[PDB]
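# Breakdown of the fold
Next come the chains, spelled out residue by residue.
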Amino acid sequence: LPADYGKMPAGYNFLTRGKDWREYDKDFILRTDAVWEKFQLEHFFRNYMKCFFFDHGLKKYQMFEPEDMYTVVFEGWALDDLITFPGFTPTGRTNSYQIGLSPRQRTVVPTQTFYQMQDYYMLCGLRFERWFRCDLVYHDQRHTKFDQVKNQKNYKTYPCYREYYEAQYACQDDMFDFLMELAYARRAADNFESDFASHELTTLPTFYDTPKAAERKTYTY
Amino acid sequence: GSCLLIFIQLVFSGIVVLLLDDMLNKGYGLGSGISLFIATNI
Amino acid sequence: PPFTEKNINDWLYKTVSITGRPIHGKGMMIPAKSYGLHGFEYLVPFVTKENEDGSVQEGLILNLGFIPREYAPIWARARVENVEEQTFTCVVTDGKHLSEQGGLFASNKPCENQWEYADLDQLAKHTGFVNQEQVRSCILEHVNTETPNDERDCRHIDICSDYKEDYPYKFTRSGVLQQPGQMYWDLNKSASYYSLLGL
Amino acid sequence: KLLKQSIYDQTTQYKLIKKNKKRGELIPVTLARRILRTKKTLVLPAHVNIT
Amino acid sequence: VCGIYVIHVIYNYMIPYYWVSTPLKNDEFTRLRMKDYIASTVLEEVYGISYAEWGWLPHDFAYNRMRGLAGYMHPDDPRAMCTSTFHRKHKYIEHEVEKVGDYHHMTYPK
Amino acid sequence: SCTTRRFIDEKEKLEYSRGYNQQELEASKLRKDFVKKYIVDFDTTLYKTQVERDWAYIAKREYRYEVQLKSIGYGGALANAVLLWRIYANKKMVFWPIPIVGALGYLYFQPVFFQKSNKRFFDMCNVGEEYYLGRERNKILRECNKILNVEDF
Amino acid sequence: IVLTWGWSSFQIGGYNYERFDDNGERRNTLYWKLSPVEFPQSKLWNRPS
Amino acid sequence: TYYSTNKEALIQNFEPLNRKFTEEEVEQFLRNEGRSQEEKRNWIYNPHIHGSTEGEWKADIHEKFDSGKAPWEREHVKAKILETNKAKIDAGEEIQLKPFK
Amino acid sequence: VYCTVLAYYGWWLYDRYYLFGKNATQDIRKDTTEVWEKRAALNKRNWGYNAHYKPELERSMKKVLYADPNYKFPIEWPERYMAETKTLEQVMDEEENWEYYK
Amino acid sequence: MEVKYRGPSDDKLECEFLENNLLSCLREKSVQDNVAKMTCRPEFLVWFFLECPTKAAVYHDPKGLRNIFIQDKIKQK
Amino acid sequence: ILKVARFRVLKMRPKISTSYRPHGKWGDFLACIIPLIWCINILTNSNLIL
Amino acid sequence: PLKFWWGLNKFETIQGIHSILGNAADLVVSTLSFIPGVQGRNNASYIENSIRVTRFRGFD
Amino acid sequence: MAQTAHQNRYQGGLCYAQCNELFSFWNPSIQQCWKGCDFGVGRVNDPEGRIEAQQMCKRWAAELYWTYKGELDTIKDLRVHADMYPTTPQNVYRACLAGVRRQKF
Amino acid sequence: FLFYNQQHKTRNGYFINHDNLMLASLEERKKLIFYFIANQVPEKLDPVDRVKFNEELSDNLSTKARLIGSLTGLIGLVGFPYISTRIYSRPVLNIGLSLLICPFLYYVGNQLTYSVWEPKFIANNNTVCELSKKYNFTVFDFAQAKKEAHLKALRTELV
Amino acid sequence: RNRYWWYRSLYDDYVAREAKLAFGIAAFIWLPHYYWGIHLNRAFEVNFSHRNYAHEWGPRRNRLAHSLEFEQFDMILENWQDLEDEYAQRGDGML
Amino acid sequence: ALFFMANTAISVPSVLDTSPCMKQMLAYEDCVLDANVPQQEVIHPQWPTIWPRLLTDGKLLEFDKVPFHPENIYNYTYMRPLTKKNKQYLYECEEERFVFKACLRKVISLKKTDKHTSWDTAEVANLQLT
Ligand SMILES: CCCCCCCCCCCCCCCCCC(=O)OC[C@H](COP(=O)([O-])OCC[N+](C)(C)C)OC(=O)CCCCCCCCCCCCCCCCC
């Protein structure tokens, strides 16, 4: 083997034109039913990825939204909202892949604070309160230092994006609208919660309430 | 012990014999139970 | 069509390819069994010529093939049947074993769709076609001519094992040749059995 | 599975299905939908998790 | 038995509900996690998978194994902890999995 | 599927009813010899690969239900007929017709049900050319194709 | 009435349904290895529930 | 179940050596007295008794002894096996390289 | 004796739960180093890390390339599931200035 | 999945559409897509071999393909 | 049922029930084993689907 | 089944019986060695003696 | 321990006990620590096996959460504390590494 | 014992071990090793050599032993009726007596003809000497063949 | 066990004769149920096997068909390019 | 519970995959995944001919796309030509690509003829009965 084995030769076009394919016959095995199975392949594809129908008036492929059997059969003459078929992929490649769960995202306000309850209402309130604190810090700087800048040169992600998306996930739009009304009522008056909070004076002491908070944690490899 | 020496007399090593010796002991014991089961039936 | 009561022996059991429009509304279901399935032979009035009003029609009887018992009623199907002009390649057939399958203590009830055997005159009357003699002459069995012509093929309807075809299932060229239960090997076996019983 | 050009009157077909459609005793729920019909479908993927 | 069950419920579900009722300055998430953990995570869950063969056939067990590995993917879940592993073969017979830890993806059993 | 199984059963019944030619008989003999040896006369759990063991056991179970159990049932029916005849003749209970006539019925019906379903068992061994069982089945299949002047799967 | 009918009728019904009606399969399907199985009868009709 | 599993493993995965040990394999066996157990042997190169060069000799020694690679895993030994037993290669008998253990 | 057996079982469960560290420490000292090393070797699994292509084809070039101890993959396995943190222009520039080993 | 069976359509208009797409793709890819505007849709190529077996067999046949190429060249001038 | 339908009516061998009160040996224990098994079954199944 | 007298070989009495029969047959052959075609018994060959005396050696 | 190798934490051995001792009882990081114990079974004693196990921890953290290419390579402090929760890929990586460190044999 | 079959222990050179080889000459050692390998592990030989050795062994030891055992069993069947009278016949008893006598005499005759002719066949056969020179097995080959023979006997006992 | 203990355990009432006669009949009434349940369990297992295959190898076969069609196009394209080369040689004599 | 189902059908095996060139397809896909190429069109072995612009400029669409605007790196992946590193690590997967293409061409060369008498009962040979 030459010392350059595996190195792509200069000007390699990846072209198989005029190539002898009779040398690879010993590198694969086809069973006796390969001819039959091939047809089956085609059959399945022709009846599985064909969610579109050719139209003679337009002479092109069209489609509609998923419909029940009764509507497809006994209302085939009365079809509404026909859209020209655009293709599964823009470049014509295959898209038939088995999918899975994508990696999760970082959590600022954990769901485990209120996870015994299937209904997320206290969690919704907590997440919205945290986002509202962050927003009260940054709400008026958004159009000059953050997402709403005129030019992309000074573009920066809004610091409360993750908390906002967590609050949106935890709350329905109705409860989110209620909390946004409260947020407007408290941002018009610039009511930071620290201006009124005193309940820490009437709360039981805890090991986490030590004056030396940085030295309470023991770090270990 | 005795089977170990017997199987080492045949071309074998001490480690390999133990694996082979166990199988014969298990097989002979199974036959003894089969003989014991046959005696109870008849 | 050239088929007639007098010329039928010229066209009997002969492959034609005729264009016309089938009437799935008035289809007759002759009881039959195919590969252990109790289903029906699906006869339809095949309209070849008709006037614009549609009151006067003439045609033939077309055996569309075997249709299972579950899907015999029109409301049981997930399709709206096509009754426009279609071309069907069919073997002209007398329709003999269908007319001799009722057995004793069996009779057809027309004026309703109740059939036990293919009584040609009653089927012709049910069709309502004007050319009664030609309709009574024969029936055209929907066949697939891309199949072996031997009677030993043992695939009588054009299907696969998985039944991936669509009902009704048309006949193969061996299916048309096949008389159910009266082939020469069956009669030879019966003759041998009765000779053994007698001697 | 072809969007052909209809030679019938589609309104007449719709009104004839509305007026008098053939039914039977053992008719599947697929072919007999009278209270379970909507104008939109909620489409979701299969073999995956949706909250 | 009913009294023991009721006392167990009130011990970890009713009374701990009153521990935190106001926003907390220090380690609020820690305290809320403590309260929730002593309630959300129960012992029975582990058995619910430790004897999964009592109703899951081999192939259904394989499919539910991949499904459970997907559904308990999130790390911040104390209920996933104290739950018997899905990285296991079916006790009766295993078809898909040849070895416990021979995968091509970390978070997928194949 | 149930439809596939019923079609296979009824087609086998029709083939046995019409007859079995001569070259068809030779091919059937080759297929039956291969199936008998490699499935009935061999422990299907002794194959090297898991695919071979699984599908050979599936073929053996099919043989057990379609040949062994069917032949046992038909031989038992024949033995029951002879037993009823002998009970009526002797006007008392007898036991001899059960073992002897049952064995004779099994020996009469096992070849019949094996000849009827030889192709079914032969095809179920088509695990592939990568395995020993598949290679042997493919060799026998090529011989049968030479005999019958056709191509099978 | 009490024993024989309540312990054999449904099994007979399912066996006849599979033997004759092919378990009510819609036969116009492509690939058995890729198709759902039409199960035999499993809900007993001879029990009150 | 240990007995059943071991019996299945033995029956499935046991074949006779099916070949005569080659000259190279026998020579390696006779030189296996040079193998040291629990402590690696210090291989010293003497050109008048070993020949070749120091690098090539040390590479061959590492292949033969230190690497643990068996004689039947050497390419030239495999070629000799497939050449000297071609009569058994014919008639559809496959030669087994590593003896069963 | 039924009450005594039930009490013993309950105490065993309590001790197993509460003295897990002590029990595991005692169990780790019941076998010598060699036995534990053998057990650890038997339980060694890849768990899906670095599960790159394993060439089964005999003429595959990547077979010889992987046998080479100096072969560099285009990206490290743990980095195959991490989002890129540099601009597309930088990525294309680095890839176009990239040079193959050997 | 319960996928029903329907054989290749061989519809005149559908196969004309698919064959026009195939000819466009052949003309585009024969010059490594050096055209000013490329109208080829690769996905429809797949369907040409799933629903037009007659035209696919014609295209595979060397004489039929030669005739098709000659006619296309005449059309393109 | 057979007994009470065939041999417990007055004209078919009735019994002189002379027992004032019942004296049982772990009665409910035998009457609660069958239900408890059911409970187990149900619980297990639910957990799996949950 | 039929083959268990072979398993009876472990007893030293059976081995002695076999040795007596074999030696008597060897004497018969040696006295008949004058007839052409019979090899006879040679007492100067190691192989013959080793096969004779070690046949039942190490029996288990 | 749905993501780990053992049905119960007691089969993990001394490594799982040390993982339990590392974090508070309500901290889900323990499970991640357990995965470290799984990655360094036959690898901790081998000098390159330890690096392989650390790479396995990095891959595991990258698969659980969305991560950036340099993110796990610029962690200033790899030490863990009792109240460290697996809310970030950095925390998952740190817990997994701590579990790897505590795998004797 | 009754549990296992031990007809192969004292036949076809199964009893050859290293003690038979330590005292043998180089040529005698080669002959003994080849005989043991050919009888116990025929796979080590080419198929033509296997056929030749089987033919040379059958007409001298195997088939001759079968015939001698058959003759000695026929010696034990001078009268097949054995116990038999006009009043009563004993078919099952006579069959049992035959199955107890004839196998025993067969075993005795077979062991005798192996005890007499096997050493002479090993030491005075031209085919054995020629094939031993052709193959020229070593002590390592004999050790491997001994292991293979024991493992094959174990496998046969298992099945 | 203890006959007296087991003959009055059920609330001092005696149903032991019917309990004894119950085993013999109950030993056979469960056979049809058991065999049909075996059939149903096998059907469920086959359906789960089909679900696994369709989930895993379902998408893969569609890609294989896609590649088969692309390869047919590739063969046609090679022949078309050969024709283009011939037409480049014979500028207009080919037509 | 313990034996509530009273039986488990362990005899029925996993559905055997009998696709013509599935093994070669999976080998080629694994090899291409090793190359770590952003373009997905490389999944098909015919990419040099179907999308030749992958080797010249990467313009695979004539501005008839809907992947959103080029604001992040994960945009216009098919509109990105193969770099030198991608080309090298794809060339390393050339033999498996060739074997896959040869298998596809041989399968295409297979035609249904009149000697396939077992076509109507090909399911049994395909091993669909368990
Ligand atoms: C929880 C408890 C439930 C049951 C409690 C009791 C209440 C219900 C009592 C029902 C009583 C029986 C009613 C049905 C009677 C007919 C049986 C039937 O059709 O079953 C359907 C079953 C099933 O029929 P099938 O095969 O059509 O199944 C249905 C199939 N599908 C669903 C697919 C459409 O049929 C049989 O079982 C037929 C065989 C048995 C026939 C028995 C006839 C002989 C009767 C002897 C009586 C006793 C001896 C008398 C001697 C006299 C001497 C002088």
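Keep in mind that residues are numbered from 1 along each chain as the sequence reads, not by the entry's scheme, and that residues without coordinates are left out. Labels are handed out in written order, letters beginning with A for the chains and numbers beginning with 1 for the ligands. All values in this description refer to the chains shown, which are themselves only part of a larger assembly. To get the side-chain values, take all heavy atoms of the structure and skip hydrogens and water. Residues with missing side-chain atoms are left out of burial classes, side-chain pairs and their counts.

As stated in the entry header, the method of structure determination is cryo-EM and the reported resolution is 3.02 Å.

## Side note on the overall build of chain C
Check the secondary structure of chain C and you find 5 helices and 7 strands. Helix and strand definitions follow DSSP, with helices as H or I runs of at least four residues and strands as E runs of at least two, each counted in order from the N terminus. Reading chain C from its N terminus to its C terminus gives the helix and strand order α-β-β-β-β-β-α-α-β-β-α-α. Against the compact-globule benchmark of 16 Å for 199 residues, chain C has a radius of gyration of 18 Å, which places it among compact chains. Principal axes of the C-alpha set define a box for chain C whose edges measure 70 × 40 × 35 Å. Burial classes: relative accessible area under 20% of the type maximum marks a residue as buried, over 50% as exposed, and values in between as partly exposed (1.4 Å probe, protein chains only). Within chain C, the proportion of its 199 residues that are buried is 49%. The reference for a compact globule is 2.2 Å times residues^0.38; the radius of gyration itself is calculated from the C-alpha atoms.

## Focus: the packing of aromatic side chains
Side-chain rings of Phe, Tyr and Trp (the six-membered ring for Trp) are treated as a pair once their centres are within 6.5 Å; stacked means planes under 30 degrees apart, edge-to-face means over 60, and tilted covers the remaining angles. Within the structure shown, the criterion is met by 109 aromatic pairs over all chains. When the centroid spacing of 6.1 Å and the interplanar angle of 40° are considered together, the rings of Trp21 of chain A and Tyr24 of chain A count as tilted. We note that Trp21 of chain A, like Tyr24 of chain A, is buried. Residues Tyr28 of chain P and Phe100 of chain P carry aromatic rings whose centres are separated by 6.1 Å and whose planes lie at 40° to one another, so their mutual orientation is tilted. Of this pair, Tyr28 of chain P sits in helix α1 (residues 22-35) while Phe100 of chain P sits in helix α4 (residues 94-108), placing them 72 residues apart in sequence. Comparing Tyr28 of chain P with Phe100 of chain P, the two get one shared label, buried. Put simply, the rings of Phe45, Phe52, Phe54, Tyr61, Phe85 and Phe88 of chain A together with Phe17, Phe44 and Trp47 of chain J touch in pairs and so form one group of aromatic residues. Counted as over-ring charges are cases with an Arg CZ or a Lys NZ within 6 Å of the ring centre that also lie within 35 degrees of the ring normal. Sitting over the ring of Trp21 of chain A, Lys19 of chain A keeps its end group 5.9 Å from the ring centre. Cation over ring: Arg9 of chain M sits above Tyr17 of chain I, and NZ or CZ is 4.7 Å from the ring centre.

## Quick word on the interface of chain J and chain A
With 20 residues of chain J in contact, the opposing surface of chain A contributes 22 residues. Accessible area that two parts lose when put together, with a 1.4 Å probe and added across both, is what the buried area reports. Counting the surface lost from both chain J and chain A, the interface buries some 1900 Å², and carbon and sulfur atoms represent 64% of this. Definition used for salt bridges: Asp or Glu carboxyl oxygen within 4 Å of a side-chain nitrogen of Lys or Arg. In this assembly, chain J and chain A are joined by 2 salt bridges. Among the secondary structure elements, those contributing two or more residues to the side of chain J that touches chain A are α1 (12-29) and α2 (42-51) of chain J. The element contributing the most residues to the side of chain J that touches chain A is α2 of chain J, with 7 residues. The class makeup of the residues in the side of chain J that touches chain A is 12 nonpolar, 1 polar and 7 charged. Whether two residues touch is decided by their heavy atoms; if any such pair falls within 4.5 Å, the residues are in contact. Three classes are used: nonpolar for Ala, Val, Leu, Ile, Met, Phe, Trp, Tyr, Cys and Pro, charged for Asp, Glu, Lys and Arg, and polar for all others, with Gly counted as polar.

## A short note on the site of the ligand
Residues and elements named next belong to chain G. We call a residue near a molecule or strand when any one of its heavy atoms sits within 4 Å of it. Residues in close proximity to the ligand include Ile1, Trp5, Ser9, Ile12, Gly13, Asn16, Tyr17, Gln41, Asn46 and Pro48, which together make up its full environment. Contact between the ligand and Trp5: an oxygen atom at 3.0 Å from a side-chain N or O atom of the residue. Whenever a nitrogen or oxygen atom comes within 3.5 Å of another N or O atom, the pair is scored as a polar contact, on the condition that within protein one atom can donate a hydrogen and the other can accept it, and that pairs from neighbouring residues in sequence are kept only if both atoms are in side chains. For the ligand, an oxygen atom lies 2.7 Å from a polar atom in the side chain of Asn16. Accessible areas in this description were obtained via Shrake-Rupley with a 1.4 Å probe; residue shielding takes into account the shown protein chains only. Protein contact buries 31% of the 1400 Å² of open area that the ligand shows by itself.

## What to know about helix α2 (residues 120-127) of chain C
Residues and elements named next belong to chain C. The set of residues buried in α2 consists of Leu120, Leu123, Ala124 and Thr127. The arc that holds every buried residue of α2, seen down its axis, measures 100°, which confines them to one face. Looking at the buried side of α2, the elements it contacts are β2 (28-34), β3 (37-50), β4 (57-68), α3 (132-137) and β6 (139-144). Positioned one or two residues after α2, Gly128 has a phi angle of 85°, which is positive. Think of it as the arc spanned by the lines of direction from the helix axis to the C-beta atoms.

## Concerning empty space enclosed by the protein
Summary: where empty space remains is shown by rolling a probe the size of a single water molecule over the atoms. Buriedness for pockets is judged along seven lines, at least five of which must meet protein on both sides within 12 Å for an open set on the 1 Å grid over protein atoms alone, while cavities are sets there where a 1.4 Å probe fits but cannot get out, and lining residues have an atom within 4 Å of a point. Grid points are joined across faces, edges and corners, and a volume is the space filled by probe spheres set on the points. Roughly 180 Å³ of volume is contained in the largest cavity. What lines the largest cavity is a set of 15 residues, among which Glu25, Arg26, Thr29, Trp32 and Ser35 of chain G lie closest to the centre. Broken down by class, the residue content of the lining of the largest cavity amounts to 5 nonpolar, 4 polar and 6 charged. Put simply, the second largest cavity is a space of about 120 Å³. Lining the second largest cavity are 14 residues, with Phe45, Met49, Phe88 and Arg93 of chain A together with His66 of chain O positioned closest to its centre. With 3 residues, the top contributor of residues to the lining of the second largest cavity is α2 of chain J. When its residues are assigned to classes, the lining of the second largest cavity shows 6 nonpolar, 6 polar and 2 charged.

## Some remarks on the interface of chain A and chain P
Of the residues lining the interface, 32 residues belong to chain A; the matching set on chain P comes to 44 residues. In this assembly, chain A packs against chain P so that about 3400 Å² is buried in total across both faces, 67% of it on carbon and sulfur atoms. When residues of chain A are sorted by the area they lose upon contact with chain P, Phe14, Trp36 and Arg93 of chain A head the list and together hold 21% of the total. Joining chain A to chain P, the criterion identifies 2 salt bridges. Scanning the region where chain A abuts chain P turns up 14 residue pairs in polar contact. Among the residues making up the side of chain A that touches chain P, the classes are represented as 17 nonpolar, 6 polar and 9 charged.

## What to know about the environment of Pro22 of chain C
Residue and element names in this part refer to chain C. Following the sequence through the fold, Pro22 ends up in strand β1 (residues 14-22). Look at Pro22 and you get buried, because its relative accessible area is 0%. Between the C-alpha atom of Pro22 and that of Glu41, which follows or precedes it by 19 residues, the distance is 15 Å. For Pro22, the contacting residues outside a window of four places in its chain are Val44, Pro45, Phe46, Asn82, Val83, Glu84, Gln86 and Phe88.

## With respect to the environment of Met38 of chain J
Considering the arrangement of structural elements, one finds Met38 of chain J in the loop between α1 and α2. A C-alpha to C-alpha distance of 21 Å links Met38 of chain J and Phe49 of chain J, two positions 11 residues apart in sequence. Ignoring anything within four residues of it in the chain, the contact list for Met38 of chain J reads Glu28 and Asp33 of chain J together with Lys59, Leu60, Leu61 and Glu62 of chain P.

## Structural notes on the pairing of β1 of chain C
Pairing between two strands requires that DSSP report at least two bridges joining them. Note: β1 of chain C against strand β5 (residues 86-93) of chain C, 7 bridges, orientation antiparallel. Paired with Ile18 of chain C across the strands is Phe88 of chain C, a residue of β5 of chain C.

## A look at the side chain of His142 of chain C
Residue and element names in this part refer to chain C. With respect to the secondary-structure elements, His142 resides in strand β6. At 3.3 Å, the side chain of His142 and the backbone oxygen of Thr89 are in polar contact. Contacts of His142, omitting those with residues within four sequence positions, involve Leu62, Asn63, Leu64, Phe88, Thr89, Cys90, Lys170 and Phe171.

## Some thoughts on unusual backbone geometry
That bond from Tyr167 of chain C to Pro168 of chain C is cis: its omega, 0°, falls within 30 degrees of zero. Looking at where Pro168 of chain C falls in the secondary structure, it is placed in the loop between β6 and β7 (171-172). With a phi close to 60°, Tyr163 of chain C is a non-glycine residue in the positive phi region. Tracing the chain through its elements places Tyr163 of chain C in the loop between β6 and β7. Of note in this structure, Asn21 of chain F is not a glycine but carries a positive phi near 55°. By secondary structure assignment, the location of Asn21 of chain F is in the loop between α1 (2-18) and α2 (23-40).

## Remarks on the pattern of salt bridges
A full pass over the atoms with the stated rule returns 98 salt bridges over all chains. A salt bridge links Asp82 of chain O to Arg17 of chain A; the shortest N-O distance between them is 2.8 Å. Separated into two different chains, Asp82 of chain O in helix α3 (residues 31-89) and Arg17 of chain A in the segment before α1 (34-48) make up a pair that spans both. Take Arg17 of chain A: its relative accessible area is 35%, and that puts it in the partly exposed class. Between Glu43 of chain N and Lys152 of chain N there is a salt bridge, with its nearest N and O atoms 3.6 Å apart. In this pair, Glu43 of chain N sits in the loop between α2 (26-40) and α3 (47-75) while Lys152 of chain N sits in helix α6 (residues 139-158), placing the two residues 109 residues apart along the sequence. Judged by its relative accessible area of 26%, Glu43 of chain N is partly exposed. Assessed through its relative accessible area of 14%, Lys152 of chain N is described here as buried.

## Describing the sheet that holds strand β3 (residues 83-84) of chain A
Sheet architecture is open: 4 strands sit in the order β3(A)-β2(A)-β1(A)-β1(D), paired in mixed fashion. Each edge of the sheet is formed by a strand with only one pairing partner; in this case those strands are β3 of chain A together with β1 (2-3) of chain D. Judged from the 3 bridges that link them, strand β1 (residues 53-55) of chain A and strand β2 (residues 60-63) of chain A form a sheet pairing that is antiparallel. The partner of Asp55 of chain A across the bridge, within β2 of chain A, is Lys60 of chain A.

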